[PDB]
Amino acid sequence: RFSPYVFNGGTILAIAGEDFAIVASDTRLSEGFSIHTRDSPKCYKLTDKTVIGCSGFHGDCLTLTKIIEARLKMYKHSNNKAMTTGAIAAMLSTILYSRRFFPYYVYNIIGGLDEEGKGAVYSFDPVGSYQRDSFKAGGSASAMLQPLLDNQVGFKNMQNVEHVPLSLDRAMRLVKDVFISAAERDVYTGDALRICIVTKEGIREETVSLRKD
Amino acid sequence: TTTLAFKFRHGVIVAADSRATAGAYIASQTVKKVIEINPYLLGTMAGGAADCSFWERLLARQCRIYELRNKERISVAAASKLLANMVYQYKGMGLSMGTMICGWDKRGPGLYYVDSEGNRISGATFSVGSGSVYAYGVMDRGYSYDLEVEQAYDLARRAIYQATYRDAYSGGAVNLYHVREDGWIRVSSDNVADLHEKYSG
Amino acid sequence: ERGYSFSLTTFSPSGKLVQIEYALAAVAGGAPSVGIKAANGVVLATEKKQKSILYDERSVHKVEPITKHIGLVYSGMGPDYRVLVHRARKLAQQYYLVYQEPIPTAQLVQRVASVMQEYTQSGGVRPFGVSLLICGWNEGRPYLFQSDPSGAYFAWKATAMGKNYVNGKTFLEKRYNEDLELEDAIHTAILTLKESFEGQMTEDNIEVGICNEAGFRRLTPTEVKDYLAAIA
Amino acid sequence: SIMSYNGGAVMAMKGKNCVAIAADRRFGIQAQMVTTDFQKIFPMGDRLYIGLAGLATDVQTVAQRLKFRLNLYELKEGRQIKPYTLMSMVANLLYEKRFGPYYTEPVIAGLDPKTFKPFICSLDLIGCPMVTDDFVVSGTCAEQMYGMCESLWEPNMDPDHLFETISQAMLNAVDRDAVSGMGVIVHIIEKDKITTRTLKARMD
Amino acid sequence: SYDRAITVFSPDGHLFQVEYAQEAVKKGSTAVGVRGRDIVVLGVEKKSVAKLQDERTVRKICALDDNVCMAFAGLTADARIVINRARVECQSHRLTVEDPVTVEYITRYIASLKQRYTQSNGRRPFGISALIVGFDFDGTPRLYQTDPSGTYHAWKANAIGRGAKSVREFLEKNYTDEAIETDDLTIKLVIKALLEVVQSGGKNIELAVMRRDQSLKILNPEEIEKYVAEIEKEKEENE
Amino acid sequence: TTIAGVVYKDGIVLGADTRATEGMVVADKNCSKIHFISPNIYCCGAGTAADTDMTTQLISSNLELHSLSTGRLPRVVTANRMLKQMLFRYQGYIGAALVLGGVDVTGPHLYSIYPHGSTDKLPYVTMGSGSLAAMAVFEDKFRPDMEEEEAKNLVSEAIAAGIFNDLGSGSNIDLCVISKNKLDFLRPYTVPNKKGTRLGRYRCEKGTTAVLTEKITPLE
Amino acid sequence: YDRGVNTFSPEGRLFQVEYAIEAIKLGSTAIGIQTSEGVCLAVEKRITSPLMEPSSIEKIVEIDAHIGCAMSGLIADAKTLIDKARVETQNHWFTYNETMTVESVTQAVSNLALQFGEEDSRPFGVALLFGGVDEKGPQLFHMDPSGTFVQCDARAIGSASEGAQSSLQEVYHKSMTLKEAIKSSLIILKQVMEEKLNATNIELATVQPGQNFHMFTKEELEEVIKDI
Amino acid sequence: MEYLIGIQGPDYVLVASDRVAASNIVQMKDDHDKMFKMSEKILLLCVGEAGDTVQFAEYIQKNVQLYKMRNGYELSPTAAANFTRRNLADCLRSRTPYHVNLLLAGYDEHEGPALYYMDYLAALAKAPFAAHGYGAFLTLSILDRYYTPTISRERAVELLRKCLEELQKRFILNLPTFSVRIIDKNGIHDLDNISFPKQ
Amino acid sequence: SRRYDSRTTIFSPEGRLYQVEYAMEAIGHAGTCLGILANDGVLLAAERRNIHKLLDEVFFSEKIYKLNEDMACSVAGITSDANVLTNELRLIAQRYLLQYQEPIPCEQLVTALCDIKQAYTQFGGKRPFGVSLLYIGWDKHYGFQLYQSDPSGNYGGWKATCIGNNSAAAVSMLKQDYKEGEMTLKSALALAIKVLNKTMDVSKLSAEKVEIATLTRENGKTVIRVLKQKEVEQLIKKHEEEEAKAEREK
């Protein structure tokens, strides 16, 4: 019968630095060869210190994000303060658990500044399970990302590989390099690439062109 | 996915692998399957990750509220009753809860194993997981209730090493907490990469 | 006190209950209906008089049999009669088709008057001033029962309410004793029915129902006057 | 099936001045025996019985719900219940469950409460009464069921001949099957006395 | 001005039908009781039984469990509900939280239900009170009370009915560690404080002693006479 | 299980077989499938017995409260409306094969009832498994303004022809004459088919079977 | 005359709400003080008979780990709202992962302050004093059955609150530490009490961010006695 | 799969519970006790889905403990057997049906000990013995061959020795530990534990 | 005018029961009944409110209602309000016999309807039950049990009863005639004849205006004996023979 869940494409890669955070998601929204819209940024910024990506079924992406935006003003106008990073993480896990029967189909990665002003990454799943991590890679193109990411970033699958903290500009070129290798295989990654960088000063965005097919 | 817990002379040792992946594709090695419900208690994670997270947070609801008004000693029979009945309402609806209730009883050490199907018993050793069948062979053969805490650190992680050595879903960091009369005590977090040369001689 | 409030019923300081007691005073001001239990059947003679000659009794019917073998007559006020009629029309026909058979009228008086009990006894806002004379034929031996708004079911061989309730009850208490001849019991029952009745008696001034052991038959003013006055 | 699960067969054959009803004593799960003392026919009032064949729960549940509503009517009026009243009481109770009806084989066999006139009837599991004057037929093998009972059952039967009639009827139909057996009890009631007998059958 | 009382408070800040209800406890059946480090005792009397009627029908004090017993006063109509209402909750505290029933839990239930019992216009308030008698786990004593407003409070001994403060003045000498050192002197002291309460004729007197966690047993007119003999001997030798 | 009906000049004749077969063997040999609706209206039951037996009593219950309160002869259009509304609400979950006919003040009316509740006005209707041969007799051999004795012969012939062509139909044929003046129900009429007699009679006597125990419970 | 309770007055205003303020007079007198280092509060137990157990009825309760409380007026109505907010602070610690702030505790009860429903048939005349340490440090809040919320540096309720607030604002110290608040608490205490001071007559409540909880501990009341 | 002996003596009821709750291959819990005590006169025996058996073990327990102190006496074995059926009758047709296997053993003061039959289909029966589990054919082979209804409780265990030795013939299972009880006028009494050697 | 308002929900004002004082007034209005202790059986008595001989007497047992095969009751009060309690306890006793397949013990039975009557006297402003009905029967534990229902919820159940307010003259007679261990149910039946002939207002013990219903324990039938007026007429001549024998002394 009618399928309530469908994969609309897109790949979200968010790597949060020490004092900063970087969330990169392709703007291509497509199913199959045809491209719905060439510019469709998947990164939605709830606040200045929080930027969450939305992947998978697009109907649940607009619903879940706009609900949080409606719930942002709730806690705002109540305690006269912004929502903590751990608040939105658990509130989403509770909403998705109450929906465990029929849930939303979404793939999200939260990143930005926490209450201490540092970056964090939470891997989200339709059942609402998450943990605090340094970096994660979602989307359908993540199959070739994490092996290549742990290579450069995690420094695995190699011998005598030292761990160097990634500078703000180092994480930019690495995300671009792992996405170029991803666009050459996955057809859902391409067109314009939206890279959102979360800094203590503000939110920074960038647009990177890719293949059209 | 390898989880094991056993009660002995001092409290209960909880050891589990941190590798959570889909198939043979490496995804997240940092996922913590050992949850701390209270400073004096220890939870676990098996099957559905959000399942055991909710109910243990729902169990901590009644426990903390009952602690405020009272601060009386809570028996595990209170945790067995309420939790198993509320999970039985969801039996057959797709929820899977494999967690093992751990902690310290005022009388003495105790261990409890919970299932979503309604299976709850209190016994010496409980190990659930893929490579857990290799854990029962090395542990139960040399297992004893009188083993020292120093030997409990070696024997528990050895069964993890025998499992995580060659396994699809087993690996990552070993979370090991030691329960005492004052509650659990953090010991160490050691990755399987360090387990390689340590227990192989 | 007071003290009993309502729901299901009102209060009295001494005995019975006030309030609906005033509705009971209206029961005595209702339409008098005689009734007769004679031998193998039950006879019911009511009294109906229209206000002016412009009315024809062929429209409004004071006797509305619920079942083929069970008739009825009312002693009391108006449509609260017709309310329990359609009620009993629903009430008696439900129990009739539960066991598919009529079953003796004793159980009919049990069930049909059980809800009539609650309906009259429980608070109806305004009270109900309609009583009934229950009849029927059961296992060869018929029965004549008398209910009321208070919910007390009686058994009488010859009974009267409304008018003559003081005179006719003492009349039948003396002249009538134990069980007597069928048509001879109808005689003295009509003699005391015409006691306080108006001097002008016509086919339209009264009506006489009869419950045969072969089932109830509702008469008409035609055959009522053609029988006798004096019907016997 | 649910019927053949617990098994059992109820046969009520009416005599001349008396009415007899019998049911096998075998109670077990499928092909395995459990106990032979499980009661199937239960007394209702006086001089009236009812047969039940099917799931033991539907045998006990209906008999409990039947005795429930029966005592409610018997306490209001002390007189007993008529066979036509019980036939409509069981048919209405079984009809209250449309798509969920209990699986059983109710057979009402008992005397009239007013007189000695016997009457029997059978009701479907869905509440359909099946009117038969005296004899009913059941069994396993076809030639014995309808072939023998025509020359066996008489228009007017004495308790002697009626007991031996259903005897060979329950010997040929039941004991023919390997799993069927374990004795049969017979209830023959009349106005003067109530007689209860059992049939001799092998334990294999 | 003054509307008397229905639900809402009176202009003085207090209520009326509540204050009016406590006088029923004063005119109700009186009761007494004591506690100790292990064994506890109680008493009621006020039976007004002529022995020409069934004695088991007038029986009031019962026990939810061997550990916790129910002792109430006033009319038993609403108290029979307090029994059954607490039997369902004590059986739920049996069922859920399998440990022995804690006095804090069970008392809050009855109290939370006794508050909504006096609330709606709606559910009728209680005109009676009760006092929980029992022992904490591991032999520790517990005794509490109830209030028509749905509150609970613990006492060192049970003194209610007529002369609540007068008996409490006699309970000041009961604070000694000698009571209860031996269960023979405690029961003799129960019949002492009870001697100034009502008639104290020995017929309607009913006392049940609960030693540690063992279930209490109503004293028959055998040991009660022996404990009354030593109480009379201690009074004769006191001069 | 076969029901049929026809409309002649002076009334309506209804009839049905008394044989109810469950499986390959007859279950109830003698049964009356004609049910009481109103004094002027009768209905012939078929399909599921218990479902139709409780439906004909419920519609008659709605009518007995309607007719006796009104005080005049009921109409077939009323029983037809209640039967088409009920079965439509169930959406055919209750199987009902019925024949609704009767003589009102407006004259005779006959309807063909289906388990979904769809009914049409026809002078002749046939339902059941044996309705194939019962229809052919009413199709060719029936015409309007049929005589009294000619209609009763046309029915029994349609039933006898329908029984011969049906495996489940048999036992006794029923004839019910429904008119204004005269109302008659004649059962049984004629048995068109019989079961083969045995080649001999066998009698069982004592001595070939024994008795275990006995219990005596005397009564009043 | 003809007071219409929640229905307004011919003048007019609410009446029973004012009578709920009188219901604070019949309760025990609790005097709170908020200081930079912490919050100290004291209330008299007012033991009627020696049968009364001192810890049986206490006017200081713990809503949340970092939130203290002081009830007023009626008891059963207090513990109702007390245990209520304890569940409210539990649900706030789940979705938001952070403990409920002392601020939001007020408006949570303030919405249900006067329901005119089945509770709050008759309304509850229980005043509530909210202490604790929020993200802003130690705070002391006061509320009434009508739902008023005003942040008070030092607040008193109960019987003697009239004469207690008199000498309170005079000797109160906003910028000082808990060191002076110790002796500053016993000043107003010994004033309003007409009987000798013992651990069973009153009870002390002191909550500090660094020293907690605390709340309070056993046998620290008699230490303040001998420190006079 | 498993069954507890249903030997019914004139003055006693013999029951022996298996203590092995283990599944698959390795033995997780050796000491698990399936025997629950409702009251002194009536025991509690159930086998099936854990949550099922546990919930029915909690319901009937507290309901009998409630009626105990209510009227001052325990429900009769006939009343208690049908009371469990009311929860079993609702179990038949329900949104979430349960599954049970074993029966209930009890004792009465006037009528002596009695043994009823419980099932997941709510059907009840009265039998001195029964056979559940896979060893049903193995139990009726020894039991029907030699059975004494009047045998003593000491010799009933001696007859039970033939069952324990025949519990493993062609079967690959283990079940070393078997906890046994006995019922009398004094209630439940503990008996020695029997262990089967592995090799 | 504090108690003059119609309330019926909350209590009165000094602690006394508001309506229950007035409810016992309705019990003492036209009530009649009696009870006594009898071994291996029990006996009850009734009185017909209407002495008019034109009645059909087809009600059979009227003031005595049979709620069970082994148990019955005697209604004293308004017959309209009691007929609701008849089927009520009868269905409660039937649903208990349905559940356990065992006869309902009269311990919890009586207290069940007493709590049912209590709910109507508690809340909702509902009218209280002004009918006090007796209880008789036998159980496996305490054997013969006697009870009397009260509106307040606290049953007047004892081994004796007083109905109605006019029976207070028989209470001093029952306490003086109080005996244990002697039956001979006729000893109390002949004593009950002295109750109606002396303490009751109606003398001579009119048979058609009274009724005597006895229950003799029989295993397992437990036959309930409706007499009714049959040998009561010879009991009239039996009690008058005692009166004719007593006058021979002086």
# chains A, B, ... in the order shown; residues from 1 in each chain; ligands from 1
>>> interface_residues(of="chain D", to="chain F", cutoff="6 Å", atoms="only C-alpha atoms", output="PDB file with C-alpha atoms, in the first residue's frame")
ATOM      1  CA  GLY D 127     -27.354 -20.742  18.702  1.00  0.00           C
ATOM      2  CA  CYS D 128     -29.463 -22.550  16.085  1.00  0.00           C
ATOM      3  CA  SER D 151     -34.087 -50.565  13.271  1.00  0.00           C
ATOM      4  CA  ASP D 192     -40.589 -41.574  39.289  1.00  0.00           C
ATOM      5  CA  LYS D 193     -36.796 -41.799  39.591  1.00  0.00           C
ATOM      6  CA  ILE D 194     -33.485 -40.741  38.048  1.00  0.00           C
ATOM      7  CA  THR D 195     -31.312 -43.599  36.774  1.00  0.00           C
ATOM      8  CA  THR D 196     -27.604 -43.256  35.959  1.00  0.00           C
ATOM      9  CA  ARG D 197     -25.574 -46.050  34.356  1.00  0.00           C
ATOM     10  CA  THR D 198     -22.201 -46.434  32.650  1.00  0.00           C
TER      11      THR D 198
END
>>> interface_residues(of="chain C", to="chain I", cutoff="7 Å", atoms="only C-alpha atoms", output="PyMOL selection string")
chain C and resi 1-9+15+150-152+155-157+173+177-178
>>> interface_residues(of="chain E", to="chain B", cutoff="8 Å", atoms="only C-alpha atoms", output="list in words")
residues 95, 96, 97, 98 and 99 of chain E
>>> atom_distance(atom1="atom CA of residue 44 of chain C", atom2="atom CA of residue 146 of chain C")
11.7 Å
>>> closest_atom_pairs(of="chain B", to="chain G", cutoff="8 Å", atoms="only C-alpha atoms", output="Markdown table")
| residue | atom | partner | partner_atom | distance |
| --- | --- | --- | --- | --- |
| B:57 | CA | G:94 | CA | 7.7 |
| B:61 | CA | G:90 | CA | 6.5 |
| B:65 | CA | G:86 | CA | 6.8 |
| B:68 | CA | G:62 | CA | 7.0 |
| B:69 | CA | G:83 | CA | 7.5 |
>>> residues_around(residues="residue 182 of chain I", least_positions_apart="4", cutoff="12 Å", atoms="only C-alpha atoms", output="NGL selection string")
:I and (36-41 or 177-178 or 186-188)
>>> residues_around(residues="residue 173 of chain D", least_positions_apart="5", cutoff="7 Å", atoms="only C-alpha atoms", output="PDB file with N, CA and C atoms, in the first residue's frame")
ATOM      1  N   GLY D 139     -21.741 -40.546  15.556  1.00  0.00           N
ATOM      2  CA  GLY D 139     -20.787 -41.635  15.569  1.00  0.00           C
ATOM      3  C   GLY D 139     -19.636 -41.346  14.625  1.00  0.00           C
ATOM      4  N   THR D 140     -18.949 -42.419  14.232  1.00  0.00           N
ATOM      5  CA  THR D 140     -17.825 -42.336  13.305  1.00  0.00           C
ATOM      6  C   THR D 140     -18.152 -43.041  11.994  1.00  0.00           C
ATOM      7  N   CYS D 141     -18.293 -44.365  12.008  1.00  0.00           N
ATOM      8  CA  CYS D 141     -18.600 -45.105  10.790  1.00  0.00           C
ATOM      9  C   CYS D 141     -20.025 -44.810  10.335  1.00  0.00           C
TER      10      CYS D 141
END
>>> select_by_dssp(residues="segment 11-203 of chain D", states="alpha helix (DSSP H)", output="PyMOL selection string")
chain D and resi 56-76+83-95+142-152+159-173
>>> residues_around(residues="residue 39 of chain F", least_positions_apart="4", cutoff="10 Å", atoms="only C-alpha atoms", output="PyMOL selection string")
chain F and resi 64+73-74+102-103+178+183
>>> interface_residues(of="chain H", to="chain D", cutoff="7 Å", atoms="only C-alpha atoms", output="JSON, numbers by chain")
{"H": [121, 122, 123, 125, 126, 127, 130]}
>>> residues_around(residues="segment 156-168 of chain E", least_positions_apart="2", cutoff="7 Å", atoms="only C-alpha atoms", output="list in words")
residues 25, 26, 30, 31, 32, 33, 34, 35, 170, 171, 172 and 193 of chain E; 51 and 52 of chain G
>>> interface_residues(of="chain C", to="chain F", cutoff="8 Å", atoms="only C-alpha atoms", output="PyMOL selection string")
chain C and resi 86+89-90+93+97
>>> write_last_selection(atoms="N, CA, C and O atoms", output="mmCIF file, in the first residue's frame")
data_model
loop_
_atom_site.group_PDB
_atom_site.id
_atom_site.type_symbol
_atom_site.label_atom_id
_atom_site.label_comp_id
_atom_site.auth_asym_id
_atom_site.auth_seq_id
_atom_site.Cartn_x
_atom_site.Cartn_y
_atom_site.Cartn_z
ATOM 1 N N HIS C 86 -46.193 2.975 26.069
ATOM 2 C CA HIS C 86 -45.120 2.712 25.116
ATOM 3 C C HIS C 86 -43.921 2.075 25.804
ATOM 4 O O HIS C 86 -43.230 1.236 25.213
ATOM 5 N N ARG C 89 -45.029 -1.330 26.294
ATOM 6 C CA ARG C 89 -45.022 -1.859 24.933
ATOM 7 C C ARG C 89 -43.615 -2.268 24.517
ATOM 8 O O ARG C 89 -43.431 -3.283 23.835
ATOM 9 N N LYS C 90 -42.611 -1.485 24.916
ATOM 10 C CA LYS C 90 -41.227 -1.900 24.713
ATOM 11 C C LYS C 90 -40.789 -2.894 25.783
ATOM 12 O O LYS C 90 -40.058 -3.846 25.491
ATOM 13 N N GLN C 93 -42.572 -6.548 25.487
ATOM 14 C CA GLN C 93 -42.255 -7.259 24.253
ATOM 15 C C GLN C 93 -40.795 -7.693 24.205
ATOM 16 O O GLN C 93 -40.456 -8.651 23.501
ATOM 17 N N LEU C 97 -39.787 -11.868 23.799
ATOM 18 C CA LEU C 97 -38.928 -12.469 22.788
ATOM 19 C C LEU C 97 -37.576 -12.913 23.329
ATOM 20 O O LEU C 97 -36.788 -13.494 22.577
#
>>> decode(residues="segment 104-159 of chain C", atoms="C-alpha atoms", output="CSV table (one decimal), in the first residue's frame")
chain,number,residue,atom,x,y,z
C,104,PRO,CA,-47.1,-16.7,33.2
C,105,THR,CA,-48.1,-13.2,34.0
C,106,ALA,CA,-46.7,-13.4,37.5
C,107,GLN,CA,-43.2,-12.9,36.0
C,108,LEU,CA,-44.7,-10.2,33.7
C,109,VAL,CA,-45.8,-8.2,36.8
C,110,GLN,CA,-42.3,-8.8,38.2
C,111,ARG,CA,-40.3,-7.4,35.3
C,112,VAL,CA,-42.7,-4.9,33.7
C,113,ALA,CA,-43.4,-3.2,37.1
C,114,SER,CA,-39.7,-3.4,38.1
C,115,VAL,CA,-38.7,-0.6,35.7
C,116,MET,CA,-42.1,1.1,36.4
C,117,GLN,CA,-41.1,0.9,40.0
C,118,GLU,CA,-37.8,2.7,39.3
C,119,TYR,CA,-39.5,5.0,36.8
C,120,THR,CA,-42.1,6.1,39.4
C,121,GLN,CA,-39.9,5.8,42.5
C,122,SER,CA,-36.8,7.5,41.2
C,123,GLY,CA,-36.7,11.2,40.8
C,124,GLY,CA,-38.5,12.2,37.6
C,125,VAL,CA,-38.2,15.9,38.3
C,126,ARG,CA,-42.0,16.3,38.4
C,127,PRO,CA,-43.7,13.3,40.0
C,128,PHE,CA,-45.9,10.7,38.3
C,129,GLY,CA,-49.5,10.4,39.4
C,130,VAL,CA,-50.6,7.5,37.2
C,131,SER,CA,-51.4,4.1,38.9
C,132,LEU,CA,-52.4,0.9,37.1
C,133,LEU,CA,-54.6,-2.1,37.4
C,134,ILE,CA,-52.6,-5.1,36.1
C,135,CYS,CA,-54.3,-8.1,34.6
C,136,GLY,CA,-53.6,-11.2,32.5
C,137,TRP,CA,-54.1,-14.9,32.3
C,138,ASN,CA,-51.5,-17.4,33.5
C,139,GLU,CA,-51.6,-21.2,33.4
C,140,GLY,CA,-55.4,-21.2,33.5
C,141,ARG,CA,-55.6,-19.0,36.6
C,142,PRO,CA,-55.7,-15.2,35.8
C,143,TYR,CA,-54.6,-12.4,38.1
C,144,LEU,CA,-55.7,-8.9,38.9
C,145,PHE,CA,-53.1,-6.6,40.5
C,146,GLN,CA,-53.0,-2.9,41.4
C,147,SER,CA,-49.9,-0.8,41.3
C,148,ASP,CA,-49.4,2.8,42.3
C,149,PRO,CA,-46.9,5.7,42.1
C,150,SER,CA,-45.3,4.5,45.4
C,151,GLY,CA,-44.5,1.2,43.8
C,152,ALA,CA,-46.6,-1.1,46.0
C,153,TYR,CA,-48.2,-3.9,44.0
C,154,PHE,CA,-51.4,-5.4,45.4
C,155,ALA,CA,-53.8,-8.2,44.6
C,156,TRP,CA,-57.6,-7.7,44.5
C,157,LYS,CA,-60.5,-9.7,43.3
C,158,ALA,CA,-62.5,-6.5,42.9
C,159,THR,CA,-60.7,-3.1,43.1
